[PDB]
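Colleague: My structure is below; once you've seen it, I'll send some questions.
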Amino acid sequence: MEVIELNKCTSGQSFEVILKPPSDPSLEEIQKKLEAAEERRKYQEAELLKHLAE
Amino acid sequence: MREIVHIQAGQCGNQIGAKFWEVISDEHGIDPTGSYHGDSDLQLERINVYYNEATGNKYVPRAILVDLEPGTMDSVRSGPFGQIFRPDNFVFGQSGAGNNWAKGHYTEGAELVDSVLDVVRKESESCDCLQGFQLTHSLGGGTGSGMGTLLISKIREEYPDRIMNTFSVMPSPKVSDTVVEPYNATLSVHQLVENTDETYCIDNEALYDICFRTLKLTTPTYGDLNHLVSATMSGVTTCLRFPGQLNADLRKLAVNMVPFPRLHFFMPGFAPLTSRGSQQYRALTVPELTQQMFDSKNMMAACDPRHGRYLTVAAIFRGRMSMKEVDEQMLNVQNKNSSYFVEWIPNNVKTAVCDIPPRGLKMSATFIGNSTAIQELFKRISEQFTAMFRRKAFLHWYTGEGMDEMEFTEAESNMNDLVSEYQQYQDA
Amino acid sequence: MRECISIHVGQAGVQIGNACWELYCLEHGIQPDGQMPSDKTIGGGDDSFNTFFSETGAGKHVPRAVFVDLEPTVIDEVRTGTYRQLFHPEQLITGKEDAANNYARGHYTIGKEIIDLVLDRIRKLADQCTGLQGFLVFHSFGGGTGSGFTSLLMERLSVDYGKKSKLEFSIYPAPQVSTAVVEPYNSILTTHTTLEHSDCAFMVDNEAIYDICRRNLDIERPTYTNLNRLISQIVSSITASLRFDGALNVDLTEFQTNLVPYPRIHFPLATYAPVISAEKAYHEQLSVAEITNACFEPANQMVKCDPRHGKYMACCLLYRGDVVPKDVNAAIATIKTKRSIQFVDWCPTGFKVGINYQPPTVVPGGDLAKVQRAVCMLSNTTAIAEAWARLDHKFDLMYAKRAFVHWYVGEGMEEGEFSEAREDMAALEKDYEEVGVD
Amino acid sequence: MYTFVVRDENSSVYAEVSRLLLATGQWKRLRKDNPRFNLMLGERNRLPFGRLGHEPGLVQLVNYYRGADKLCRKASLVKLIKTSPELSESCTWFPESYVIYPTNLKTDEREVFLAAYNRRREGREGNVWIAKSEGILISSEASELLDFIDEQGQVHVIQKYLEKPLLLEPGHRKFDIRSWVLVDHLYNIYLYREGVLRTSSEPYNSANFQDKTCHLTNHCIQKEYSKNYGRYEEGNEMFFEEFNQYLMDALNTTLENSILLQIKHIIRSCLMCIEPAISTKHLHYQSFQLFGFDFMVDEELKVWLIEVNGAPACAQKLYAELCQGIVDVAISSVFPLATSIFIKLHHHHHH
Ligand SMILES: Nc1nc2c(ncn2[C@@H]2O[C@H](COP(=O)(O)OP(=O)(O)OP(=O)(O)O)[C@@H](O)[C@H]2O)c(=O)[nH]1
Ligand SMILES: Nc1ncnc2c1ncn2[C@@H]1O[C@H](COP(=O)(O)OP(=O)(O)CP(=O)(O)O)[C@@H](O)[C@H]1O
Ligand SMILES: Nc1nc2c(ncn2[C@@H]2O[C@H](COP(=O)(O)OP(=O)(O)O)[C@@H](O)[C@H]2O)c(=O)[nH]1
Ligand SMILES: [Ca+2]
Ligand SMILES: [Ca+2]
Ligand SMILES: [Ca+2]
Ligand SMILES: [Cl-]
Ligand SMILES: [Mg+2]
Ligand SMILES: [Mg+2]
Ligand SMILES: [Mg+2]
Ligand SMILES: [Mg+2]
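The listed protein sequences derive, respectively, from chains E, B, A and F. Here the first sequence stands for residues 6 to 28, 44 to 74, numbered as in the entry's author numbering. Here the second sequence stands for residues 1 to 358, 367 to 436, numbered as in the entry's author numbering. Using the entry's author numbering, the first residue of the third sequence is number 1, and each one after it goes up by one. Here the fourth sequence stands for residues 1 to 106, 125 to 151, 158 to 362, 372 to 384, numbered as in the entry's author numbering.
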């Protein structure tokens with residue numbers, strides 16, 4: 006069971022103990053997604069106001 | 001999401017709305033002149049939700065008062081809290097509406113609604129962030145029913161991205177002014193299904209029975225009915241009026257309560273039940289509150305919850321009490337009655353606690377269920393409708409104001425569709 | 001020295017950042033006005049606490065923090081509370097109306113109007129950095145802001161700062177304190193859109209913190225304040241190696257290298273011992289062996305799962321207090337004999353260890369007692385996938401009926417994104433099962 | 001009123017446990033996929049332990065131990081006995097067994131198998147083996169075994185056939201013993217005092233191996249290929265009073281000294297080995313489980329463990345009692361209501 010890569014300093018110490026070895045989208049694709057959703061919103065709102073106009 | 005605009009329309013609308021403002025002003029420490037005289041500052045932390053701030057640090061209800069005749073609004077003006085209302089927010093005609101949806105919606109109401117919308121816009125423009133609107137009215141007369149649904153259509157036109165919330169008293173023969181009430185209700189329900197986000201179904205039948213059977217009042221007045229309604233309204237709005245985690249604005253409440261757009265008709269309940277005089281002195285224990293609030297006889301919409309299933313539930317406990325105890329009790333009611341809560345909406349009962357109790369009680373619980381049992385209410389209305397409509401009885405009162413039988417047929421159809429949509433989920 | 005920017009998003013994110021920054025100042029001896037009498041390099045420097053604090057000419061130490069919420073009340077309590085002076089106004093961003101527990105409302109509708117303001121206030125902090133490592137993002141799965149806006153933010157951080165690492169502290173939804181029925185929807189949605197943008201995520205299940213509070217703090221019904229001081233203790237364990245001299249997890253790349261060999265399985269389990277009530281009259285202090293042993297009790301984990309029925313890919317032990325390597329090795333040696341710890345066949349069976357000699361700091365008048373030694377273990381076990389199973393199940397139950405979906409579609413989302421996200425989660429669950437079951 | 005759910009309907013045991021649970025009037029069954037249950041009587045494969053223990057206000061309990069399949073699959077059991085120091089390759093009550101994969105796939127100890135079989139080739143010892151994984161075969165030369173293994177698809181074990189079994193007279197026939205073990209939520213190991221001898225009805229014939237009715241004692245097999253099924257004992261099933269009386273009258277022992285001491289030792293060693301991997305002592309849900317341990321008695325009255333079954337069925341007459349026993353000590357011990374049929378296996382020797 007071997008202790009390795011041991012480092013020490015005034016404030017601590019750190020080491021490794023081994024027990025056994027091994028056996044994106046772009047800026048405007050995004051403003052695209054956001055504006056597609058905004059236009060879906062405005063279409064639904066317009067169908068609402070056309071129904072209310074009737 | 002702060003300010004709510006309150007509209008009350010018609011005789012019933014305005015009587016219950018007046019009682020509502022009396023009750024909640026007392027809870028928020030506001031006197032009939034709008035002067036604040038309170039102890040806790042939990043009272044003022046969210047008082048701008050329902051009140052504008054005036055020049056002598058006075059508080060004015062964000063309240064518009066609408067009628068097609070002046071009788072009831074005159075009596076509110078001279079009522080105990082009458083002088084607290086902005087006098088320009090009283091908007092009324094002279095005609096009356098004659099218990100006639102068509103006069104409310106198409107003829108008499110068309111004349112007045114533009115001035116109502118002027119006052120509504122004047123109130124909306126002052127709001128730093130408007131949440132939406134709450135309307136109180138009945139669905140069985142004419143002004144509240146017909147003109148209130150008119151107003152809701154106009155408001156949705158001018159503010160399509162705000163929440164529309166109503167307290168709607170349903171009519172019952174047990175408490176009944178005129179025989180055309182089912183007609184007026186069916187027409188109105190057709191509007192409510194399409195134009196509001198959350199509707200509290202306050203059934204005058206259930207209010208009668210609670211006054212009669214459990215409260216032991218022999219001959220209940222509209223005063224005794226409105227007492228129940230004022231307390232229920234207080235309770236269903238406490239989460240909006242006080243600092244809070246849960247269902248704290250109209251939209252978050254809607255998201256929590258309305259899984260399907262049309263199924264937004266809520267069954268409210270109150271515990272303990274109080275008769276306005278008896279003043280009863282017993283300590284209510286949390287298990288008692290929880291068992292009562294869930295019991296049919298404490299519910300304002302005359303339906304049997306065991307004939308349906310809860311899609312969502314919002315519970316609100318008021319008073320100093322153990323939140324460990326209420327958490328335990330809420331889980332015990334759901335865990336021992338799990339059959340009656342749809343299994344395909346997990347954790348659909350959400351629960352809130354607020355420190356300040358209502367006047368007269370150390371502890372109180374308000375219930376808001378979106379049960380599919382509510383179909384029973386609508387089914388009852390539709391039977392009373394068909395019994396008349398199949399002989400087209402009393403229709404002249406409506407056709408004389410320009411209406412066609414086909415509008416009645418559509419409204420009937422849409423309500424029967426609403427009830428089928430409720431039963432789709434009761435077997436799932 | 002290389003600077004880290006913390007971004008706190010939503011109610012949960014802002015309230016947890018509050019707790020952590022309180023803690024950090026206590027630990028580094030920074031006071032509420034922001035003065036640090038122990039810092040003698042006045043006006044700047046490249047000590048390792050500068051990783052989290054910048055310095056001004058007047059001696060003020062300022063968190064490299066941005067708080068963003070779509071509604072004003074919570075960040076207003078930051079602006080007005082005990083650390084009002086710590087933060088510059090431009091670091092606190094509020095909207096006027098929130099996201100109503102709606103992922104789509106926070107991501108699409110309201111996110112779009114504030115994303116640019118937020119990226120500029122972030123760029124302002126990055127411009128004060130000589131070498132920026134990347135970001136620590138605090139948020140909840142369940143809230144509309146914390147779920148939807150966070151994912152928008154993460155997409156745009158990957159484009160604007162593409163070479164930088166990004167870490168999440170994510171709050172996973174629990175019914176005992178949750179505020180909304182659609183919290184499983186929000187969780188799946190934001191996990192799916194943030195998965196490729198985040199290099200290491202520390203989940204915290206509010207159910208586990210809640211029961212730790214009940215069971216070991218003698219708290220009858222925990223509040224967010226109880227929850228958050230415990231969570232900040234764990235966060236400070238996890239970040240102490242960026243804020244202090246050492247040789248283990250000295251930068252953000254090291255967290256990925258040490259805890260994440262496969263990029264999608266980037267959800268390390270955190271276990272933390274001891275949690276001891278400050279109102280305990282007599283408490284026998286616990287040994288290295290006892291607390292390291294506690295690291296392998298499910299009752300001490302930030303997510304309740306069973307690591308015995310999974311495999312490990314990595315395990316770090318972060319000790320704070322009086323600990324020396326020989327006691328740690330003694331403890332590990334006997335623990336392996338008495339416990340079911342099995343790593344994947346393609347990974348060493350070992351433990352990277354970090355010790356800081358300063359015992360855990362605890363907030364005066366908190367619930368937590370002071371102790372002589374405490375440990376946070378970070379272990380990438382496949383058993384954490386239990387938490388996804390749970391969530392996915394709930395999701396399926398509602399989406400089979402399309403319950404509440406209309407609230408999302410009405411904000412401009414498309415029904416189909418629900419199932420693209422759910423299928424991504426299915427991929428995730430099966431990645432875990434491949435790696436850890438036979 | 002406690003609440004429970006049922007996700008294995010093909011379960012003979014827990015069907016009767018459901019019935020007895022309901023007929024208390026303190027338990028109510030819910031529908032299969034309702035979360036708010038106290039007790040899950042779960043499916044066999046892919047039981048969702050990950051979803052148990054997360055409903056506040058509900059102590060939850062389940063009739064299976066996560067990870068106990070290690071003891072109840074044949075290959076898993078061979079691996080568990082060999083690798084674990086508490087049992088070891090030196091183990092005296094397990095037959096010499098080896099895990100073999102078909103070469104259709106490609125771990126595997128075939129090379130290790132033939133070395134032992136070759137020194138038994140060479141040492142004039144009996145050298146018949148059984149190959150197992158309905159799909160079994162017994163033979164004296166290895167080639168037969170290995171190529172049978174590979175014209176099937178899946179993983180097998182090859183185990184020393186017990187060439188000298190104890191044989192009941194009249195009949196000169198074979199038998200195996202099945203014991204019903206129940207491990208509760210606290211890891212008490214309860215042995216059910218009634219076991220059963222699943223017998224053969226055809227005389228045991230050491231020469232012609234391929235006739236499997238005298239060699240394999242499955243209740244399935246002798247109700248299908250056996251001439252005398254039902255001659256000596258009803259259902260080819262002798263119970264413990266008759267077996268004890270036979271041991272007394274014919275061999276001068278008793279069943280507890282000659283056989284049961286070893287069976288209790290094997291049961292407790294097996295379960296106390298896996299205890300740290302499957303215990304639910306400090307977990308957020310809790311497990312119990314009914315196991316069926318299967319033993320073979322050789323002619324010198326030495327017991328050998330054959331296999332462990334994770335979802336066992338009971339012999340008919342015993343259902344009533346054992347099922348009541350599952351309710352009293354596994355279920356009602358967690359969920360109280362308003372002479373005992375188990376031996377609690379416990380032994381703390383000092384050294
Ligand atoms: N641990 C912890 N959880 C919190 C805290 N605040 C909220 N939550 C949890 O977060 C979820 C709700 O998300 P929030 O962050 O409050 O919502 P939000 O991001 O502000 O989004 P919106 O309010 O919809 O604009 C629920 O699961 C709550 O239990 C907190 O301070 N600590
Ligand atoms: N090593 C061995 N030596 C001699 N006989 C053996 C043996 N292994 C198995 N047998 C015989 O085969 C039968 C056991 O078959 P097996 O162990 O595969 O059970 P099984 O999985 O087929 C059904 P069950 O679960 O009901 O016991 C025993 O009755 C025994 O007579
Ligand atoms: N609960 C309650 N119901 C009322 C009250 N006044 C009238 N109603 C009911 O409302 C219906 C009549 O509507 P109403 O408001 O009087 O007519 P409107 O002014 O034209 O809208 C009938 O069903 C009455 O039972 C009241 O004060 N309380
Ligand atoms: Ca006129
Ligand atoms: Ca400095
Ligand atoms: Ca990246
Ligand atoms: Cl970069
Ligand atoms: Mg005009
Ligand atoms: Mg009237
Ligand atoms: Mg918020
Ligand atoms: Mg078997």
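Each residue gets a CB set at the ideal place from its N, CA and C atoms; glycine is no exception.
Which residues does DSSP list as the beta-bridge partners of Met1 (chain F)?
Modeller: Stepping through the fourth sequence from its first residue, residue 1 (chain F) is reached at position 1. DSSP, once it has assigned bridges, lists no residue as partnering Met1 (chain F).
Colleague: Quick one: what's got a C-beta closer than 7 angstroms to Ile330 (chain F)'s C-beta in the same chain, skipping five residues either side?
Modeller: Reading the fourth sequence from its first residue, position 306 is the one you call residue 330 (chain F). Here the set comprises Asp200, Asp318, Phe319 and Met320.
Colleague: I'd like the span of the beta strand (DSSP E) that includes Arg36 (chain F), first residue to last.
Modeller: Numbered from its first residue, the fourth sequence carries residue 36 (chain F) at position 36. First-last for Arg36 (chain F): undefined, no H or E at that position.
Colleague: Out of F:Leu58, F:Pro35 and F:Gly57, which one is the CA nearest neighbour of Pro48 (chain F)?
Modeller: As a first step, residue 48 (chain F) is located in the fourth sequence; it is residue number 48 there, counting from the start. Ranking F:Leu58, F:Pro35 and F:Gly57 by Cα distance to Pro48 (chain F) puts F:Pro35 first.
Colleague: Could you pull out every residue in the same chain whose Cβ sits closer than 7 angstroms to the Cβ of residue 461 (chain A), ignoring the five residues on either side in sequence?
Modeller: One cannot answer for residue 461 (chain A) here, as it falls past the ends of chain A, which runs 1 to 438.
Colleague: Where does the unbroken beta strand (DSSP E) through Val66 (chain B) begin, and where does it stop?
Modeller: Within the second sequence, the letter at position 66 stands for residue 66 (chain B). Its beta strand (DSSP E) spans residues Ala63 to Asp67.
Colleague: Residues of chain A with CB closer than 7 angstroms to the CB of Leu47 (chain E), please, in chain order.
Modeller: Position 27 of the first sequence, counting from 1, holds the residue named residue 47 (chain E). Going along chain A in sequence order, the residues near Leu47 (chain E) (Cβ under 7 angstroms) are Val159.
Colleague: Taking the CB atoms as reference points, tell me whether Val78 (chain F) and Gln183 (chain F) lie closer together than 9 angstroms.
Modeller: Locating residue 78 (chain F) in the fourth sequence gives position 78, where the first residue counts as 1. Locating residue 183 (chain F) in the fourth sequence gives position 159, where the first residue counts as 1. Result yes, Cβ atoms of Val78 (chain F) and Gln183 (chain F) sit closer than 9 angstroms.
Colleague: Determine the burial state of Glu108 (chain B): buried for a count of at least 16 other Cβ atoms within 10 Å of its Cβ, exposed for fewer.
Modeller: Along the second sequence, read from residue 1 onward, the residue named residue 108 (chain B) stands at position 108. When all chains shown are included, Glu108 (chain B) counts as buried.
Colleague: Please check the pair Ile356 (chain B) and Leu130 (chain B), which I expect to be a contact at CB under 8 angstroms, by giving their CB distance rounded to whole angstroms.
Modeller: Taking the second sequence and counting its residues from 1, one reaches residue 356 (chain B) at position 356. Taking the second sequence and counting its residues from 1, one reaches residue 130 (chain B) at position 130. Under the criterion of beta carbons closer than 8 angstroms, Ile356 (chain B) and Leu130 (chain B) do not qualify as touching, at roughly 25 angstroms.
Colleague: Reducing DSSP to helix, strand and coil, say where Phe49 (chain F) ends up.
Modeller: Translated into positions along the fourth sequence, residue 49 (chain F) becomes position 49. Three-state DSSP puts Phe49 (chain F) in a helix.
Colleague: May I ask you to list the residues that DSSP assigns as paired with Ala373 (chain B)?
Modeller: Here residue 373 (chain B) refers to the residue found at position 365 when the second sequence is read from its first residue. In DSSP, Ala373 (chain B) forms a bridge with B:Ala271 and B:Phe317.
Colleague: Give the single residue among B:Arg156, B:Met233, B:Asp74 and B:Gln245 whose Cα lies nearest to the Cα of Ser178 (chain A).
Modeller: By one-based count along the third sequence, residue 178 (chain A) stands at place 178. When only C-alpha atoms are compared, the closest one is B:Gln245.
Colleague: Can you pull out the residues from the stretch 274-304 of chain F whose beta carbon lies closer than 7 angstroms to at least one beta carbon of chain A?
Modeller: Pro300 and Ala301
Colleague: Tell me which residues share the same chain as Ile148 (chain F) and place their Cβ nearer than 7 angstroms to its Cβ, disregarding the 5 neighbours each side in the sequence.
Modeller: Taking the fourth sequence and counting its residues from 1, one reaches residue 148 (chain F) at position 130. Around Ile148 (chain F): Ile160, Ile162, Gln183 and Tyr185.
Colleague: Considering only heavy atoms of ligand 9 and the C-beta of each residue, which residues fall inside 7 angstroms, strictly closer?
Modeller: B:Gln11, B:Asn99, B:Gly141 and B:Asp177
Colleague: Which ranges would you report for the beta strand (DSSP E) in the stretch 168-215 of chain F if only whole runs of at least 3 residues count?
Modeller: The stretch 168-215 of chain F contains these whole beta strand (DSSP E) runs: 180-184 and 199-207.
Colleague: With a 10 Å radius around its C-beta and 16 neighbouring C-beta atoms as the bar for buried, classify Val437 (chain A) as buried or exposed.
Modeller: Here residue 437 (chain A) is taken as the residue at index 437 of the third sequence, counted from 1. The Cβ neighbour count for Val437 (chain A), taken over all protein chains shown within 10 Å, is under 16; the residue is labelled exposed.
Colleague: Is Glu331 (chain F) near ligand 11, going by C-beta to nearest heavy atom under 8 angstroms?
Modeller: Within the fourth sequence, residue 331 (chain F) is the residue found at index 307, counting from 1. For ligand 11, at least one heavy atom lies less than 8 angstroms from the Cβ of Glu331 (chain F).
Colleague: Express the C-alpha separation of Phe267 (chain A) and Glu386 (chain A) in angstroms, rounding to a whole number.
Modeller: Working through the third sequence from its first residue, we reach residue 386 (chain A) at position 386. Working through the third sequence from its first residue, we reach residue 267 (chain A) at position 267. When rounded, the distance between both Cα atoms is 12 angstroms.
Colleague: Can you find the residues in the same chain that come closer than 7 angstroms, C-beta to C-beta, to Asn104 (chain F), ignoring five residues on each side of it along the sequence?
Modeller: As a first step, residue 104 (chain F) is located in the fourth sequence; it is residue number 104 there, counting from the start. Closer than 7 angstroms at Cβ, skipping near neighbours: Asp174 and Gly177.
Colleague: So which residues on chain E does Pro261 (chain B) lean against when the C-beta distance must stay under 9 angstroms?
Modeller: Translated into the one-based positions of the second sequence, residue 261 (chain B) becomes position 261. Chain E residues near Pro261 (chain B): none, gap ~12 angstroms exceeds 9 angstroms.
Colleague: Pop quiz: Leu61 (chain F) and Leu39 (chain F) are said to be a contact at Cβ under 8 angstroms. What is the actual Cβ separation, rounded to whole angstroms?
Modeller: As a working mapping, residue 61 (chain F) is identified with position 61 in the fourth sequence. As a working mapping, residue 39 (chain F) is identified with position 39 in the fourth sequence. About 5 angstroms separates the two Cβ atoms, so the contact holds.
Colleague: Identify every run of the alpha helix (DSSP H) within the stretch 59-97 of chain F, keeping only runs that are complete inside it and at least 4 residues long; order them along the chain.
Modeller: 69-72 and 74-83
Colleague: Is any non-hydrogen atom of ligand 2 found closer than 8 angstroms to the C-beta of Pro325 (chain A), if you look at the structure I gave you?
Modeller: By 1-based counting over the third sequence, the position of residue 325 (chain A) is 325. Outside the cutoff, so no.
Colleague: I think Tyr256 (chain F) touches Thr304 (chain F), with their Cβ atoms under 8 angstroms apart; what is that distance to the nearest whole Å?
Modeller: Here residue 256 (chain F) refers to the residue found at position 232 when the fourth sequence is read from its first residue. Here residue 304 (chain F) refers to the residue found at position 280 when the fourth sequence is read from its first residue. At roughly 43 angstroms, the Cβ-Cβ gap does not stay under 8 angstroms, so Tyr256 (chain F) and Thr304 (chain F) are not in contact.
Colleague: Can you find the residues in the same chain that come closer than 6 angstroms, C-beta to C-beta, to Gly38 (chain B), ignoring five residues on each side of it along the sequence?
Modeller: The sequence position of residue 38 (chain B) within the second sequence is 38, counting from 1. Hits under 6 angstroms: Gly29.
Colleague: In or out: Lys106 (chain F) buried (at least 16 other Cβ within 10 Å) or exposed?
Modeller: On the fourth sequence, residue 106 (chain F) is found 106 positions in, with the first residue counted as 1. Classification for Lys106 (chain F): exposed.
Colleague: Entirely within the stretch 68-156 of chain A and at least 4 residues each: give me those alpha helix (DSSP H) ranges in chain order.
Modeller: Counting only runs of 4 or more, we get 72-80 and 110-126.
Colleague: Any heavy atom of ligand 2 closer than 8 angstroms to the beta-carbon of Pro359 (chain A)?
Modeller: Within the third sequence, the letter at position 359 stands for residue 359 (chain A). Not under cutoff, so the answer is no.
Colleague: So, is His139 (chain A) buried or exposed, given that buried needs 16 or more other C-beta atoms within 10 angstroms?
Modeller: Position 139 of the third sequence holds residue 139 (chain A). Under this definition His139 (chain A) is a buried residue.
Colleague: Just checking my contact of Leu22 (chain F) with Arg29 (chain F) at CB under 8 angstroms: how many whole Å lie between their CB atoms?
Modeller: The residue given as residue 22 (chain F) occupies position 22 in the fourth sequence. The residue given as residue 29 (chain F) occupies position 29 in the fourth sequence. Contact flag correct, Cβ pair sits at about 6 angstroms.
Colleague: What three-state label does DSSP hand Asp39 (chain A) in the structure shown?
Modeller: Along the third sequence, read from residue 1 onward, the residue named residue 39 (chain A) stands at position 39. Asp39 (chain A): coil per DSSP, three-state reduction.
Colleague: Determine the contact status of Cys315 (chain A) and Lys352 (chain A), defining contact as a CB-CB distance below 9 angstroms.
Modeller: By 1-based counting over the third sequence, the position of residue 315 (chain A) is 315. By 1-based counting over the third sequence, the position of residue 352 (chain A) is 352. Closer than 9 angstroms, so yes.
Colleague: Using beta carbons (cut-off 9 angstroms, strictly below), is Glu157 (chain B) in contact with chain E?
Modeller: Here residue 157 (chain B) refers to the residue found at position 157 of the second sequence. Chain E contact via Cβ: present.
Colleague: Could you check what DSSP says for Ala133 (chain F) in three-state terms: helix, strand or coil?
Modeller: By one-based count along the fourth sequence, residue 133 (chain F) stands at place 115. Helix, per DSSP.
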